[PDB]
>>> print(open('start_2.cif').read())   # mmCIF, C-alpha atoms and all ligand atoms; chains and numbers go by the auth columns
data_protein
#
loop_
_atom_site.group_PDB
_atom_site.id
_atom_site.type_symbol
_atom_site.label_atom_id
_atom_site.label_comp_id
_atom_site.label_asym_id
_atom_site.label_seq_id
_atom_site.Cartn_x
_atom_site.Cartn_y
_atom_site.Cartn_z
_atom_site.B_iso_or_equiv
_atom_site.auth_seq_id
_atom_site.auth_asym_id
ATOM 1 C CA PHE A 1 -75.914 41.056 -191.114 0.00 486 A
ATOM 2 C CA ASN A 2 -76.146 37.319 -190.355 0.00 487 A
ATOM 3 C CA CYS A 3 -74.530 36.684 -193.745 0.00 488 A
ATOM 4 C CA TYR A 4 -71.271 34.785 -194.201 0.00 489 A
ATOM 5 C CA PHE A 5 -69.404 32.886 -196.895 0.00 490 A
ATOM 6 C CA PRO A 6 -70.379 29.183 -196.684 0.00 491 A
ATOM 7 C CA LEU A 7 -66.925 28.019 -197.841 0.00 492 A
ATOM 8 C CA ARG A 8 -63.809 28.303 -195.676 0.00 493 A
ATOM 9 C CA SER A 9 -60.335 26.940 -196.330 0.00 494 A
ATOM 10 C CA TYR A 10 -58.702 23.925 -194.706 0.00 495 A
ATOM 11 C CA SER A 11 -55.646 25.829 -193.414 0.00 496 A
ATOM 12 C CA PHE A 12 -53.625 22.690 -192.749 0.00 497 A
ATOM 13 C CA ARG A 13 -50.257 22.868 -190.993 0.00 498 A
ATOM 14 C CA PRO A 14 -47.830 20.051 -190.124 0.00 499 A
ATOM 15 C CA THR A 15 -48.253 20.739 -186.376 0.00 500 A
ATOM 16 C CA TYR A 16 -51.889 19.561 -186.507 0.00 501 A
ATOM 17 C CA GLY A 17 -52.776 16.404 -184.614 0.00 502 A
ATOM 18 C CA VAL A 18 -53.575 12.987 -186.022 0.00 503 A
ATOM 19 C CA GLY A 19 -57.305 13.668 -185.950 0.00 504 A
ATOM 20 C CA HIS A 20 -56.947 16.934 -187.875 0.00 505 A
ATOM 21 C CA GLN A 21 -54.405 15.995 -190.562 0.00 506 A
ATOM 22 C CA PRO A 22 -55.588 15.559 -194.169 0.00 507 A
ATOM 23 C CA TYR A 23 -56.999 12.240 -195.349 0.00 508 A
ATOM 24 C CA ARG A 24 -57.628 11.295 -198.971 0.00 509 A
ATOM 25 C CA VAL A 25 -60.872 9.356 -199.448 0.00 510 A
ATOM 26 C CA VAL A 26 -61.902 7.435 -202.572 0.00 511 A
ATOM 27 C CA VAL A 27 -65.364 5.909 -202.994 0.00 512 A
ATOM 28 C CA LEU A 28 -65.877 3.094 -205.501 0.00 513 A
ATOM 29 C CA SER A 29 -69.499 2.405 -206.445 0.00 514 A
ATOM 30 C CA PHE A 30 -70.556 -0.462 -208.695 0.00 515 A
ATOM 31 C CA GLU A 31 -73.487 -0.175 -211.089 0.00 516 A
ATOM 32 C CA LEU A 32 -75.005 -3.134 -212.939 0.00 517 A
ATOM 33 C CA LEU A 33 -77.425 -2.295 -215.751 0.00 518 A
ATOM 34 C CA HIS A 34 -78.894 -3.855 -218.902 0.00 519 A
ATOM 35 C CA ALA A 35 -75.452 -4.070 -220.498 0.00 520 A
ATOM 36 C CA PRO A 36 -73.109 -7.017 -221.131 0.00 521 A
ATOM 37 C CA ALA A 37 -71.133 -6.029 -217.991 0.00 522 A
ATOM 38 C CA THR A 38 -67.705 -5.421 -219.495 0.00 523 A
ATOM 39 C CA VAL A 39 -65.670 -5.040 -216.287 0.00 524 A
ATOM 40 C CA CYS A 40 -65.547 -8.474 -214.649 0.00 525 A
ATOM 41 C CA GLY A 41 -62.303 -9.341 -212.854 0.00 526 A
ATOM 42 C CA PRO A 42 -59.167 -11.399 -213.407 0.00 527 A
ATOM 43 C CA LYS A 43 -59.283 -15.061 -214.404 0.00 528 A
ATOM 44 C CA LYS A 44 -56.388 -17.372 -213.568 0.00 529 A
ATOM 45 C CA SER A 45 -54.793 -20.031 -215.772 0.00 530 A
ATOM 46 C CA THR A 46 -52.679 -23.173 -215.497 0.00 531 A
ATOM 47 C CA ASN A 47 -50.152 -24.981 -217.659 0.00 532 A
ATOM 48 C CA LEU A 48 -51.545 -27.528 -220.100 0.00 533 A
ATOM 49 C CA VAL A 49 -50.635 -31.222 -220.181 0.00 534 A
ATOM 50 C CA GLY B 1 -77.134 -6.111 -226.527 0.00 199 B
ATOM 51 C CA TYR B 2 -74.364 -6.667 -229.077 0.00 200 B
ATOM 52 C CA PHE B 3 -73.741 -4.836 -232.346 0.00 201 B
ATOM 53 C CA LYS B 4 -72.181 -7.120 -234.956 0.00 202 B
ATOM 54 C CA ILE B 5 -70.339 -6.056 -238.116 0.00 203 B
ATOM 55 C CA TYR B 6 -69.236 -8.555 -240.772 0.00 204 B
ATOM 56 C CA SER B 7 -67.341 -7.521 -243.891 0.00 205 B
ATOM 57 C CA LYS B 8 -65.628 -8.659 -247.073 0.00 206 B
ATOM 58 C CA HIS B 9 -63.368 -6.960 -249.626 0.00 207 B
ATOM 59 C CA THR B 10 -63.203 -7.980 -253.269 0.00 208 B
ATOM 60 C CA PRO B 11 -61.794 -6.882 -256.630 0.00 209 B
ATOM 61 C CA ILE B 12 -63.998 -6.947 -259.703 0.00 210 B
ATOM 62 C CA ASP B 13 -74.513 -3.831 -260.945 0.00 215 B
ATOM 63 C CA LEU B 14 -73.749 -6.489 -258.349 0.00 216 B
ATOM 64 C CA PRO B 15 -71.888 -9.331 -260.098 0.00 217 B
ATOM 65 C CA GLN B 16 -72.376 -13.097 -260.130 0.00 218 B
ATOM 66 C CA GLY B 17 -70.399 -15.581 -258.049 0.00 219 B
ATOM 67 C CA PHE B 18 -70.242 -16.525 -254.393 0.00 220 B
ATOM 68 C CA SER B 19 -68.207 -15.209 -251.472 0.00 221 B
ATOM 69 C CA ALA B 20 -68.806 -15.575 -247.739 0.00 222 B
ATOM 70 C CA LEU B 21 -68.517 -12.729 -245.238 0.00 223 B
ATOM 71 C CA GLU B 22 -66.245 -12.977 -242.191 0.00 224 B
ATOM 72 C CA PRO B 23 -66.939 -11.387 -238.788 0.00 225 B
ATOM 73 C CA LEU B 24 -65.063 -8.166 -238.117 0.00 226 B
ATOM 74 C CA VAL B 25 -66.273 -6.580 -234.854 0.00 227 B
ATOM 75 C CA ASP B 26 -68.643 -7.354 -231.994 0.00 228 B
ATOM 76 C CA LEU B 27 -69.422 -4.364 -229.772 0.00 229 B
ATOM 77 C CA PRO B 28 -70.999 -4.421 -226.251 0.00 230 B
ATOM 78 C CA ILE B 29 -73.241 -1.370 -226.602 0.00 231 B
ATOM 79 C CA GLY B 30 -76.860 -2.406 -226.053 0.00 232 B
ATOM 80 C CA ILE B 31 -78.636 0.700 -227.353 0.00 233 B
ATOM 81 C CA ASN B 32 -82.011 0.570 -229.054 0.00 234 B
ATOM 82 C CA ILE B 33 -81.682 1.283 -232.773 0.00 235 B
ATOM 83 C CA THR B 34 -84.238 2.205 -235.442 0.00 236 B
ATOM 84 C CA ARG B 35 -82.639 4.242 -238.261 0.00 237 B
ATOM 85 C CA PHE B 36 -79.303 4.952 -239.911 0.00 238 B
ATOM 86 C CA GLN B 37 -77.516 7.114 -242.465 0.00 239 B
ATOM 87 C CA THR B 38 -74.297 7.097 -244.486 0.00 240 B
ATOM 88 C CA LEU B 39 -71.444 9.564 -245.075 0.00 241 B
ATOM 89 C CA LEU B 40 -69.459 10.872 -248.028 0.00 242 B
ATOM 90 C CA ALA B 41 -66.098 12.571 -248.587 0.00 243 B
ATOM 91 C CA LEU B 42 -66.810 15.613 -250.748 0.00 244 B
HETATM 92 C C1 LIG C . -85.865 1.046 -227.314 0.00 601 A
HETATM 93 O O1 LIG C . -86.328 -0.100 -226.592 0.00 601 A
HETATM 94 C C2 LIG C . -86.363 0.089 -225.171 0.00 601 A
HETATM 95 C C3 LIG C . -86.774 -1.234 -224.567 0.00 601 A
HETATM 96 O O2 LIG C . -87.766 -1.877 -225.354 0.00 601 A
HETATM 97 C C4 LIG C . -87.320 1.226 -224.824 0.00 601 A
HETATM 98 O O3 LIG C . -87.284 1.454 -223.420 0.00 601 A
HETATM 99 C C5 LIG C . -86.924 2.495 -225.567 0.00 601 A
HETATM 100 O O4 LIG C . -87.894 3.512 -225.343 0.00 601 A
HETATM 101 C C6 LIG C . -86.805 2.224 -227.065 0.00 601 A
HETATM 102 N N1 LIG C . -86.344 3.413 -227.764 0.00 601 A
HETATM 103 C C7 LIG C . -87.170 4.360 -228.219 0.00 601 A
HETATM 104 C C8 LIG C . -86.522 5.519 -228.915 0.00 601 A
HETATM 105 O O5 LIG C . -88.386 4.286 -228.075 0.00 601 A
#
>>> encode(input="start_2.cif", output="structure tokens", more="lines below")
Ligand SMILES: *[C@@H]1O[C@H](CO)[C@@H](O)[C@H](O)[C@H]1NC(C)=O
Amino acid sequence: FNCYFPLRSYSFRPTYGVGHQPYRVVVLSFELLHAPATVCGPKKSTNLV
Amino acid sequence: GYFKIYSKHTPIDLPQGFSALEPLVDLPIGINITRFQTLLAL
């Protein structure tokens, strides 16, 4: 009585349209705190004379 | 914000003589610290 399972499956099939096909999403979030900030980013280099 | 460990190894109470200690590890941890304890191998 007005009670249903909140979770239902995707049920994906190849015939589905572009707007219904699966899409993998990745979210990158950066956090800066009171730490020496290990992850920085690449630094280039040049030949020495 | 850095934890620094220096060390030295020597062959032989604490004896006489002089010997300097070289850096071994610097660690980027940054945790507040107040107390410590050791371990044994029984
Ligand atoms: C260690 O120091 C920080 C900053 O001064 C403080 O926020 C924290 O409460 C201290 N640790 C303890 C166990 O009190």
>>> interface_residues(input="start_2.cif", of="chain B", to="chain A", cutoff="12 Å", atoms="only C-alpha atoms", output="PyMOL selection string")
chain B and resi 199-201+228-234
>>> atom_distance(input="start_2.cif", atom1="CA of residue 490 in chain A", atom2="CA of residue 505 in chain A")
22.2 Å
>>> atom_distance(input="start_2.cif", atom1="CA of residue 202 in chain B", atom2="CA of residue 235 in chain B")
12.9 Å
>>> atom_distance(input="start_2.cif", atom1="atom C7 of ligand LIG 601 (chain A)", atom2="CA of residue 242 in chain B")
27.4 Å
>>> residues_around(input="start_2.cif", residues="range 219-223 of chain B", least_positions_apart="5", cutoff="12 Å", atoms="all atoms listed in the file", output="short mmCIF file (atom, residue, chain, number, x, y, z; two decimals) with C-alpha atoms, in the coordinates of the input")
data_model
loop_
_atom_site.label_atom_id
_atom_site.label_comp_id
_atom_site.auth_asym_id
_atom_site.auth_seq_id
_atom_site.Cartn_x
_atom_site.Cartn_y
_atom_site.Cartn_z
CA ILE B 203 -70.34 -6.06 -238.12
CA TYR B 204 -69.24 -8.56 -240.77
CA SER B 205 -67.34 -7.52 -243.89
CA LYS B 206 -65.63 -8.66 -247.07
CA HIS B 207 -63.37 -6.96 -249.63
CA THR B 208 -63.20 -7.98 -253.27
CA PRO B 209 -61.79 -6.88 -256.63
CA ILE B 210 -64.00 -6.95 -259.70
#
>>> axis_aligned_box(input="start_2.cif", around="ligand LIG 601 (chain A)", padding_each_side="4 Å", output="lines of an AutoDock Vina configuration file")
center_x = -87.1
center_y = 1.8
center_z = -226.2
size_x = 10.5
size_y = 15.4
size_z = 13.5
>>> residues_around(input="start_2.cif", residues="residue 508 in chain A", least_positions_apart="3", cutoff="12 Å", atoms="only C-alpha atoms", output="list in words")
residues 495, 497, 503, 504, 505 and 511 of chain A
>>> closest_residue(input="start_2.cif", among="B:236, B:225, B:216, B:241", to="ligand LIG 601 (chain A)", atoms="only C-alpha atoms and all ligand atoms")
B:236
>>> build_atoms(input="start_2.cif", residues="range 498-510 of chain A", atoms="N, CA, C and O atoms", output="PDB file, keeping the file's coordinate frame")
ATOM      1  N   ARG A 498     -51.648  22.664-191.363  1.00  0.00           N
ATOM      2  CA  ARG A 498     -50.257  22.868-190.993  1.00  0.00           C
ATOM      3  C   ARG A 498     -49.704  21.560-190.452  1.00  0.00           C
ATOM      4  O   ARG A 498     -50.460  20.737-189.923  1.00  0.00           O
ATOM      5  N   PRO A 499     -48.396  21.331-190.587  1.00  0.00           N
ATOM      6  CA  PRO A 499     -47.830  20.051-190.124  1.00  0.00           C
ATOM      7  C   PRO A 499     -48.030  19.800-188.642  1.00  0.00           C
ATOM      8  O   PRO A 499     -48.102  18.638-188.224  1.00  0.00           O
ATOM      9  N   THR A 500     -48.147  20.875-187.856  1.00  0.00           N
ATOM     10  CA  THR A 500     -48.253  20.739-186.376  1.00  0.00           C
ATOM     11  C   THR A 500     -49.593  20.119-185.963  1.00  0.00           C
ATOM     12  O   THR A 500     -49.699  19.698-184.796  1.00  0.00           O
ATOM     13  N   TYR A 501     -50.574  20.071-186.868  1.00  0.00           N
ATOM     14  CA  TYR A 501     -51.889  19.561-186.507  1.00  0.00           C
ATOM     15  C   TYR A 501     -51.801  18.117-186.024  1.00  0.00           C
ATOM     16  O   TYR A 501     -50.901  17.363-186.402  1.00  0.00           O
ATOM     17  N   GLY A 502     -52.756  17.737-185.173  1.00  0.00           N
ATOM     18  CA  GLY A 502     -52.776  16.404-184.614  1.00  0.00           C
ATOM     19  C   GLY A 502     -53.272  15.362-185.594  1.00  0.00           C
ATOM     20  O   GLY A 502     -53.703  15.667-186.705  1.00  0.00           O
ATOM     21  N   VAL A 503     -53.209  14.103-185.155  1.00  0.00           N
ATOM     22  CA  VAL A 503     -53.575  12.987-186.022  1.00  0.00           C
ATOM     23  C   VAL A 503     -55.018  13.121-186.488  1.00  0.00           C
ATOM     24  O   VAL A 503     -55.336  12.870-187.657  1.00  0.00           O
ATOM     25  N   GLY A 504     -55.909  13.536-185.593  1.00  0.00           N
ATOM     26  CA  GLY A 504     -57.305  13.668-185.950  1.00  0.00           C
ATOM     27  C   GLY A 504     -57.633  14.839-186.843  1.00  0.00           C
ATOM     28  O   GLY A 504     -58.747  14.899-187.368  1.00  0.00           O
ATOM     29  N   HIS A 505     -56.701  15.767-187.043  1.00  0.00           N
ATOM     30  CA  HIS A 505     -56.947  16.934-187.875  1.00  0.00           C
ATOM     31  C   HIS A 505     -56.182  16.928-189.188  1.00  0.00           C
ATOM     32  O   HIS A 505     -56.472  17.763-190.049  1.00  0.00           O
ATOM     33  N   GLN A 506     -55.224  16.021-189.363  1.00  0.00           N
ATOM     34  CA  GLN A 506     -54.405  15.995-190.562  1.00  0.00           C
ATOM     35  C   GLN A 506     -55.229  15.540-191.767  1.00  0.00           C
ATOM     36  O   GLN A 506     -56.247  14.862-191.616  1.00  0.00           O
ATOM     37  N   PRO A 507     -54.810  15.915-192.978  1.00  0.00           N
ATOM     38  CA  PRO A 507     -55.588  15.559-194.169  1.00  0.00           C
ATOM     39  C   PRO A 507     -55.663  14.056-194.380  1.00  0.00           C
ATOM     40  O   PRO A 507     -54.753  13.306-194.024  1.00  0.00           O
ATOM     41  N   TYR A 508     -56.771  13.624-194.975  1.00  0.00           N
ATOM     42  CA  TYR A 508     -56.999  12.240-195.349  1.00  0.00           C
ATOM     43  C   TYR A 508     -57.669  12.222-196.711  1.00  0.00           C
ATOM     44  O   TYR A 508     -58.706  12.866-196.911  1.00  0.00           O
ATOM     45  N   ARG A 509     -57.072  11.489-197.643  1.00  0.00           N
ATOM     46  CA  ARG A 509     -57.628  11.295-198.971  1.00  0.00           C
ATOM     47  C   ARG A 509     -58.592  10.121-198.930  1.00  0.00           C
ATOM     48  O   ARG A 509     -58.247   9.044-198.425  1.00  0.00           O
ATOM     49  N   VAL A 510     -59.799  10.339-199.447  1.00  0.00           N
ATOM     50  CA  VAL A 510     -60.872   9.356-199.448  1.00  0.00           C
ATOM     51  C   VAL A 510     -61.321   9.125-200.883  1.00  0.00           C
ATOM     52  O   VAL A 510     -61.569  10.084-201.630  1.00  0.00           O
TER      53      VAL A 510
END
